[PDB]
Structures are given as structure tokens and as C-alpha cells.
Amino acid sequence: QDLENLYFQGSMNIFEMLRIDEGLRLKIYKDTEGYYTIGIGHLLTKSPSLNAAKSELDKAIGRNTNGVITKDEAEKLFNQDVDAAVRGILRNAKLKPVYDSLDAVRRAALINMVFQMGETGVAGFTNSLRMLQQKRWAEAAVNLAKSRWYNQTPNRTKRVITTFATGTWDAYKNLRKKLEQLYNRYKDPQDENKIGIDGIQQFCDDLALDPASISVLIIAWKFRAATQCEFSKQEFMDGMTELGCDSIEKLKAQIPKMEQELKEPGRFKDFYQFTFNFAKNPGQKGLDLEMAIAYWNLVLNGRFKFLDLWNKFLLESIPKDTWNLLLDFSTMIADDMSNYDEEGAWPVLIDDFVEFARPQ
């Protein structure tokens, strides 16, 4: 599995292609269906136990990973997955003849499609597949663009189609350059690894957003930003990838869709909990009260019916558990607080708040 065994290949390859099209995650995370995954869509286990997932990962990588891997380790897992996808293509009577006929770059494009939509999806493209086998590249490209595939992921699909049309990596070289040049507009001139405050302000100005708006925090959430103070190059590239954007105009068009996600099950809670770590000083375990108040006012205004009294109470540090539980309190509390359970192991801060707020 050593990547050195692949040094004779091009530096552009199927892993790099899928890193651009589907994204790379170096820490264990839950996918859509809630399953522990890592790398480029590598499912670790269906077990609810993170410890189980870590055991599988330590097993596959051959070291104590603690749930974090390097890009090279992710490529090793991915290459195993490619090998299995290829084996399947080669048993598929519809896909084998096409695959066999293609050059290496165009084979990568076909494998990309199989990763996205499975063999049955890809096999359904009967005319386009025949065109590819006959080297009718421009016709194949025209037909593929009329599909539901194209409508679902137009930017990815356009790159894959261009790869069929040309047999070159140009669409991926162009994407990388576009993202690099966009990133360079925002990067800290003294630290190329991040965008600092001046760059975040420029980013917000380019998106026509007030930095203090909830939209900006929603963006941070979608980019999984570690801290309000900076926006790393990795975060920027991973988020633009996951959102399928290569331009500010495309990102701007995506913001309303991010905002809509907050209505899906559990997503507001995920956003709310995200806010705590994002807002806090990294060197600290807890969140300074003044900063907690600022973010509570941003995210809970119009949701927490006692927010104004909460402010008054506090104006007379916050740990993660207390932050988290305020949302639960907000959700369960009656309009008159008459259903508060003092034995519910709420934070002392909330017990004290209820005692303060009832006389008001």
C-alpha cells in the first residue's frame, strides 16, 4: 500500500480528483446517515460507538490514530476503495467494455462517476457509454450534460464531463487555481496558512454581509471553523469543496440554502453547540461571559422567550455543559416557568435564573 509504489504515476490522480469533487476529512465524523466515516467517504462502522470506530481505524492504519489521520493515510484507505470499485466495474457486463477501452485519465472519470452514483447509475447512461467506447467525446459530453446527474452536482459533473471530453486533468488544474487565487485575496499577508481578521472582513464585504449577522456565523458553521479569530486555508478549501463553490457568486447563492438547513432535524442544536467552541478563546476551557452573552443574543433572539430577562440576570465564564443546557431549558420551559424541575440537574446558573425570573 506504500504510496511510493505509485511514484511513477502522475501527481494528479483519482485521489486528488475526489479530494476536489467530494472532499477529504482527516478526523472521524458522522455522515448523513449518522455513520462514522473518515477520509474520502470511507465508512468505518455502523456502530454508534466512537470507540468502536476508532478501533477499526487504528486497525486499518496500523497505529494509535486517536481518530485523526494524515492525508497520505487517507489516500491509502481510498486506494483500497478504488481497487474494490474497479473490481466491480470489471464484473459488470455493461461497464467493463467501456472501462477497458478508456485511457487512464478517462478511467478515473468513470470511477468518479461510480463513486458518486454506483454501478447501476452509471450503467444507465447507455448512449453516453457507447459514445465513450467509440471515442465520440464531444457527443458524450453533450449528452451527459442533459442528465439529472448534472442538475444534482453541476460543478462536479462539469469537471468529470470535461475530463471525458479532453482526456486531460485541465478541469481540475483550473479548479485548484481558481480556489488558490480566491484564497489569496483573503489570506493574511504575514501567514499564508490563514485568513486573519482583515481577510474575514473582506470576505464578508464581498458577500455583502455584516460581520455581526447570523449569516456570517452560519457560514462559519458550514465551514466548520475552529475559531472566530481566523479562517484557515484548510477550512476555506474544505468548505468551498463541500459546498460545491469555486467563486464568491456561487458561495453567495449557497447562503440561503445553509440557512434553510437550520430547519432540518437536530441542525439548529448542532449549530447552537458549534457556536460555543467557535466563540471561545482556544487557550481557555470555558467561554467568557461577555462573549457568551453576545453570541446568545445573536443565536437565541426570537427563540428563547426569556432572553431579555436572561440578559438582566447575567448583567448582575461559561462551561460547555451550561451553554448546551440553556437550549434545552429554552425548549422545555413553560411561558410562566411553572414546569421547571429543580431536581433536573440543570446548572446552578439556570436554577438561580429561575429564582430571579419568577418575580418578573
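Numbering starts at 1 and follows the sequence shown.
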**Report entry** Deposited-sequence gap flanked by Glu316 and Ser317
**Finding:** 4 to 9
Query raised in the report: Which has the higher mean CA temperature factor in the PDB entry, 91 to 99 or 278 to 286?
Result: 278 to 286
Query raised in the report: Should the higher mean CA B-factor in the entry be assigned to 220 to 228 or to 147 to 155?
Result: 147 to 155
Query - Residue with highest C-alpha B-factor in the PDB entry, from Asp308, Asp58, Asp328, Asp321 - result: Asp58
Query - Given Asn174, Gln80, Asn127, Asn112, the residue at which the Cα B factor reaches its maximum - result: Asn127
Query raised in the report: In terms of the chain's CA B-factor thirds, is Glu342 lowest, middle or highest?
Result: highest
Report task. Grab the CA temperature factor for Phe304 from the record and place it in the lowest, middle or highest third of its chain. Result -> middle
Query raised in the report: How does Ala253 rank on Cα B-factor within its chain, lowest, middle or highest third?
Result: middle
**Report entry** Ranked against its chain, the third holding the CA B-factor of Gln190
**Finding:** highest
Query raised in the report: Which third of the chain holds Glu242 when residues are ordered by C-alpha B factor: lowest, middle or highest?
Result: middle
